[PDB]
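Okay, so here's the structure we're looking at.
Side chains are part of it too, since the values below use all heavy atoms of this structure and drop only hydrogens, waters and symmetry mates. Naming convention: chains lettered A, B, ... in sequence-line order (proteins, then strands); numbering from 1 in each chain.
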2 protein chains.
Amino acid sequence: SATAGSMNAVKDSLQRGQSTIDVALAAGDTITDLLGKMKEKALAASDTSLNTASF
Amino acid sequence: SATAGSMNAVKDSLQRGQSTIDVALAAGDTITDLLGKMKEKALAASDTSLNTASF
């Protein structure tokens, strides 16, 4: 009965880790969006046709 | 007749020992529940993901 009643702490630790991973995945989605946008900005800046103010 | 009448003290001693053992068994039930709660506390505190306050 003691070993069976000890399981609640384990389940709580797993839910806590799942919540931390969810927050990390949300932050990673934001980082991926910003990364794609900077890749667009860099590919646009790489062209030699642009002038100084656009650059 | 003296040996037959002498047995009341023996019966009283056995009953007194049974009573003492019952008190010890109640205290042991309480100590067992407390030990199980301590196991749950230490097992919850083993996790590294907790912040200082919960620990």
Side-chain angles (χ1 to χ4, degrees):
Chain A
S1 310
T3 300
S6 296
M7 296 296 172
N8 312 339
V10 171
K11 293 187 286 184
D12 291 331
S13 179
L14 309 183
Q15 315 183 66
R16 186 177 299 111
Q18 288 201 264
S19 296
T20 316
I21 295 196
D22 297 341
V23 176
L25 299 148
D29 280 341
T30 300
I31 301 299
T32 300
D33 174 16
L34 294 160
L35 282 184
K37 291 174 70 175
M38 278 163 312
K39 184 178 184 293
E40 292 278 308
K41 295 270 172 223
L43 183 63
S46 179
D47 177 349
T48 53
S49 296
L50 286 156
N51 63 7
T52 300
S54 296
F55 172 78
Chain B
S1 179
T3 300
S6 176
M7 305 276 195
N8 300 344
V10 184
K11 293 187 286 185
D12 291 331
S13 191
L14 304 172
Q15 293 179 356
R16 172 170 326 111
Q18 282 189 261
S19 278
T20 300
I21 284 163
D22 304 358
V23 187
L25 288 171
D29 267 356
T30 296
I31 291 145
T32 300
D33 291 331
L34 292 191
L35 270 182
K37 291 174 71 175
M38 284 165 96
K39 183 168 159 216
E40 274 154 49
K41 298 293 183 182
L43 183 63
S46 172
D47 170 16
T48 300
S49 75
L50 293 189
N51 63 7
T52 297
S54 291
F55 182 76

>> Could you check whether atom CE of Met38(A) has more than 12 heavy atoms from other residues, nucleotides or ligands sitting under 6.0 Å from it?
In response: yes

> Counting a contact as any heavy-atom pair under 4.5 Å apart, which residues of residues 7-19 of chain B contact chain A?
Replying inline: none

> Is any residue of residues 20-27 of chain B within less than 4.5 Å of chain A by heavy atoms, and which ones?
Replying inline: none

> Rounded to the nearest 0.5 Å, how far apart are OG of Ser6(A) and CD of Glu40(B)?
Replying inline: 5.0 Å

> Does anything in residues 43-55 of chain B get under 4.5 Å of chain A by heavy atoms, and if so which residues?
Replying inline: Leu43(B), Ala44(B), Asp47(B), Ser49(B), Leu50(B)

> How would you list all residue pairs meeting salt bridge (charged side-chain N to carboxylate O under 4.0 Å, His left out) that involve residues 23-35 of chain A, not counting sequence neighbours?
Replying inline: none

